[PDB]
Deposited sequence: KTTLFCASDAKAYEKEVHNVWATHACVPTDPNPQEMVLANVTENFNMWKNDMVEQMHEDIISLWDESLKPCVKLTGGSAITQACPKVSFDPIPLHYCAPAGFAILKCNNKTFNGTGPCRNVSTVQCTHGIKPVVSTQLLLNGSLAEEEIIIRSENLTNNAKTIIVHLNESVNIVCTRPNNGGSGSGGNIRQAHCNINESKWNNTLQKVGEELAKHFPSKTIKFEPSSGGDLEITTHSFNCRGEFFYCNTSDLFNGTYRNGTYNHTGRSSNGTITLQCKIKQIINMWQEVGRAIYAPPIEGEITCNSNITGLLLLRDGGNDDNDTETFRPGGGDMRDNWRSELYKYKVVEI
């Protein structure tokens, strides 16, 4: 445990809030990348127990706190009012760096899970570009597995322990509200989704014996975790995944049972102003959505699942720390 510091390419002329925060909270990235190679090792890592995720989480909370300022913030029964200006919003990559004398080891095993022994291990002073993408169910704009899609879990036996599925091939999703003022929609190519769910399916089948592997929409709870919720240009999108996370892996093939059109899948999305916050326990009310075409062109780089002679899997999320472990499946701060 140490007190880290962020490094970025933030410009102090951008009125984009991530830059506005990073220019006063981080350090200019340094053209100084010496990755200490090493092949004499055995370090055991645990992506599920690592303070880096916590400090990252905390100053991402600071970022959001002084950037996206809600009109009302209702916490503990007390309502706190302030100004609601819509701002420029799009995540910039943040490197996490260890201070004087403190190093950040690094795993290079391309099939490494997160928990256990790793050995082809390098070392750094600063980490690799990471975007503070806040989302549920679908991990957006992250790293891709260099070889093949991998399953991460603090334990896979525990049905209530979140599964992070690190993908390989990015799945472009295009969410948009056209020029109802709150209704939007997302578009995703169906072929590549069937594709990806056959990889997810067959690996889950590698690690669950010989059973039918169903994919279904989340049980219940708040809209934040029952839908693919994300932020696009300061607007909070809640997009439906009932005709997405939907299919059956049997016989070694995956059969999609979600609806489709022209070879594309369209998610019904809604922009909301009242949001169950991820930082704290409370609700934030924002101003109505801005005028015009509100579109995000994103790439799915991972999944967040939850398990219950058949085994059903369901989109998860809610705890953004696990979002941070998708990219902090780790390193290791060490001395």
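Peer 1: So, counting the deposited sequence from position 1, which segments are absent from the coordinates?
Peer 2: Several stretches lack coordinates - namely 180 to 187, 317 to 322, 350, in sequence order.
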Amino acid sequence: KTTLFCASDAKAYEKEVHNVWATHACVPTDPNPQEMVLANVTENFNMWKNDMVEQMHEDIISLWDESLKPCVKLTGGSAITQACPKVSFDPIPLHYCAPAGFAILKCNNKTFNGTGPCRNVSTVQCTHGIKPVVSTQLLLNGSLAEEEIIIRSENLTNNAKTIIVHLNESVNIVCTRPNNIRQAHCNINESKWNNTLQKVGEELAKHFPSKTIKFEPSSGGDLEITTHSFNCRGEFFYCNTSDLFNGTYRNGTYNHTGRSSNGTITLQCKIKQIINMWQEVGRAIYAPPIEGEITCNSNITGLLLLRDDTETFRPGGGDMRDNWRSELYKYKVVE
From here on, numbers count along this sequence of modelled residues.
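Peer 1: Decide which of the stretches 204 to 212 and 79 to 87 has the higher mean C-alpha B-factor, going by the entry.
Peer 2: Result: 204 to 212.
Peer 1: According to the deposited model, is the average Cα temperature factor higher in 229 to 237 or in 104 to 112?
Peer 2: Mean C-alpha B-factor is greater for 104 to 112.
Peer 1: Could you say which of 139, 145, 223, 165 has its CA atom at the highest B factor, as listed in the PDB entry?
Peer 2: That would be 145, according to the entry.
Peer 1: Of 301, 29, 273, 276, which one's C-alpha B factor is largest in the deposited record?
Peer 2: By C-alpha B-factor in the record, 29 ranks first.
Peer 1: Lowest, middle or highest third of the chain for the C-alpha temperature factor of residue 62?
Peer 2: Lowest third of the chain for residue 62's C-alpha B-factor.
Peer 1: Consider only the C-alpha atoms of the modelled residues in this chain, order them by B-factor as the entry records it, and name the third containing residue 286: lowest, middle or highest.
Peer 2: According to the entry, residue 286 has a C-alpha B-factor in the chain's lowest third.
Peer 1: Based on the entry's values, in what third of the chain does the Cα temperature factor of residue 177 lie: lowest, middle or highest?
Peer 2: Residue 177: CA B-factor falls in the middle third of its chain.
Peer 1: Of the three thirds of its chain by CA temperature factor, lowest, middle or highest, which one includes residue 98?
Peer 2: Within its chain, residue 98 is a highest-third residue by C-alpha B-factor, going by the deposited values.
Peer 1: Sort the modelled residues of this chain by their C-alpha B factor and say whether residue 280 lands in the lowest, middle or highest third.
Peer 2: Lowest third of the chain for residue 280's C-alpha B-factor.
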